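J.: Chains as they are written, first to last, in the authors' numbering: chain A, 52 to 179; chain B, 52 to 189. C-beta: ideal position from N, C-alpha, C; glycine also.
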Amino acid sequence: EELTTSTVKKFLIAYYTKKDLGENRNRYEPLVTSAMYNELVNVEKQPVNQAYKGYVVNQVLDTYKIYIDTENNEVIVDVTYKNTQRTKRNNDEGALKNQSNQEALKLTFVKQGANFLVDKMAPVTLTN
Amino acid sequence: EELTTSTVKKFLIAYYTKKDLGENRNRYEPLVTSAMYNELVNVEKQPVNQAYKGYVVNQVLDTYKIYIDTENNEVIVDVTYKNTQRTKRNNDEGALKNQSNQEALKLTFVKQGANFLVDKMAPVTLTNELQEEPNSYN
């Protein structure tokens with residue numbers, strides 16, 4: 052009926068927690084529409100992201116604020132996440148661990164069968 | 052117990068529906084903390100805003116989207132409001148009516164007694180236009 056914070060949190064965990072670029076596709080696939088999945092994969096294929104495959108690794112969701120608009124199933128999320136930046140692929144020598152990062156997004160959910168799925172995602176800015 | 056959309060809406064009406072600058076102070080004062088009230092009045096006294104006193108009038112809240120973080124008592128609001136824009140001050144002759152405007156805010160509420168009060172307010176940007184290109188560094 053109503054979109055709950057539990058559903059949003061499950062998506063944030065899958066979307067922000069990954070060993071490497073693309074390693075979480077199988078875990079966010081059941082939580083998003085087919086259109087959204089294709090869009091997320093195409094974002095991963097952009098040069099700015101492909102460039103760091105194997106170099107930015109072991110990323111985990113750290114903190115989150117979830118702001119739900121229950122009348123249109125839109126959500127604002129304000130997240131921090133931590134990762135390791137390696138200097139050499141597959142090698143932890145020289146790596147910077149536990150590097151903090153911040154991002155805010157607007158998510159649109161749709162009901163598809165029994166489940167709420169992410170159908171749209173856009174960046175927003177919550178700072179000043 | 053939990054911050055509700057009814058509480059947020061009551062503040063939005065008090066903050067956005069006014070006949071002129073400062074005219075709504077008595078309606079939003081009980082809905083905000085003492086510190087917030089003083090900040091709001093000082094923002095109103097800035098020459099940026101005082102310049103439109105007597106020109107921008109008959110303002111009404113129109114559409115609103117209310118995003119509530121019930122764990123942190125924080126709210127994002129995305130609002131449209133309509134007003135009349137006068138060409139000559141204190142005179143409706145030649146004014147533009149039903150002019151649309153948009154604003155998005157982050158509101159921080161505190162529970163003071165049994166009531167939720169606005170304690171902080173900050174602008175945010177939620178729109179497509181201002182954001183990044185996808186193949187860009189954050």
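(1) Report yes if the CB atom of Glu80/A is closer than 9 angstroms to the CB atom of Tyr88/A, and no otherwise.
(2) Could you tell me whether the region 152–164 of chain B touches the region 155–172 of chain A, using the rule of 3 or more Cβ pairs below 8 angstroms?
(3) Looking at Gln97/A: is its Cβ nearer than 9 angstroms to the Cβ of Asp129/A?
(4) Starting from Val108/A and walking both ways along the beta strand (DSSP E), at which residues does that stretch end?
(5) What are the partner residues of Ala155/A, as DSSP defines its beta bridges?
(6) At least one CB of chain B closer than 9 angstroms to the CB of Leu63/A: is that the case?
(7) In terms of residues, what are the limits of the alpha helix (DSSP H) holding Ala86/A?
(8) Mind checking whether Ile119/B and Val126/B have CB atoms under 9 angstroms apart?
(9) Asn186/B versus chain A: which residues are under 7 angstroms apart at the beta carbon?
(10) On the three-state DSSP scale, how would you describe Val175/A?
(11) Specify the secondary structure class of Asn134/A as computed by DSSP and reduced to three states.
(12) What does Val126/A touch in chain B if you count any residue whose Cβ is under 9 angstroms from its own?
(13) Output needed for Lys133/A: all residues of its chain with C-beta closer than 6 angstroms, excluding positions within five of it in sequence on either side, in chain order.
(14) Would you identify the three-state DSSP class for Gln101/B, choosing helix, strand or coil?
(15) Just tell me which of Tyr106/A, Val59/A and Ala173/A has its CA closest to the CA of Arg137/A.
(16) With DSSP run on the structure shown, which of helix, strand or coil describes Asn77/A?
(17) Just curious, the alpha helix (DSSP H) that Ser57/B is in, first and last residue?
(18) Return the chain-ordered list of same chain residues with a C-beta closer than 6 angstroms to the C-beta of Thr56/B, the five sequence neighbours on each side being excluded.
T.: Concretely, from the data shown:
(1) Yes.
(2) Three or more Cβ pairs closer than 8 angstroms define a contact, and the region 152–164 of chain B falls short of that threshold against the region 155–172 of chain A.
(3) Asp129/A is positioned such that its CB atom lies no closer than 9 angstroms to that of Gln97/A.
(4) Looking at the DSSP string, the run of the beta strand (DSSP E) that includes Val108/A is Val107 to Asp120.
(5) Paired residues: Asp129/A.
(6) The beta carbon of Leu63/A sits no closer than 9 angstroms to any beta carbon of chain B.
(7) Counting along the chain, the unbroken alpha helix (DSSP H) around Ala86/A starts and ends at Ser85 to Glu95.
(8) In contact: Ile119/B and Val126/B (Cβ atoms closer than 9 angstroms).
(9) From the beta-carbon of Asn186/B, the residues of chain A found nearer than 7 angstroms are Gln97, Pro98 and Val99.
(10) Three-state result, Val175/A: coil.
(11) In the structure shown, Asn134/A sits in a strand (DSSP, three-state: E or B).
(12) For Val126/A, the chain B residues whose C-beta falls within less than 9 angstroms of its own C-beta are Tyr118, listed in chain order.
(13) Hits under 6 angstroms: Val111, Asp113, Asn149 and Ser151.
(14) Helix.
(15) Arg137/A has its Cα closest to that of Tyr106/A, out of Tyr106/A, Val59/A and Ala173/A.
(16) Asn77/A: helix per DSSP, three-state reduction.
(17) Where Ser57/B is concerned, the enclosing alpha helix (DSSP H) stretches over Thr56 to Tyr67.
(18) If you ignore the 5 residues before and after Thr56/B, its C-beta comes within less than 6 angstroms of the C-beta of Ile117, all in its own chain and listed in chain order.
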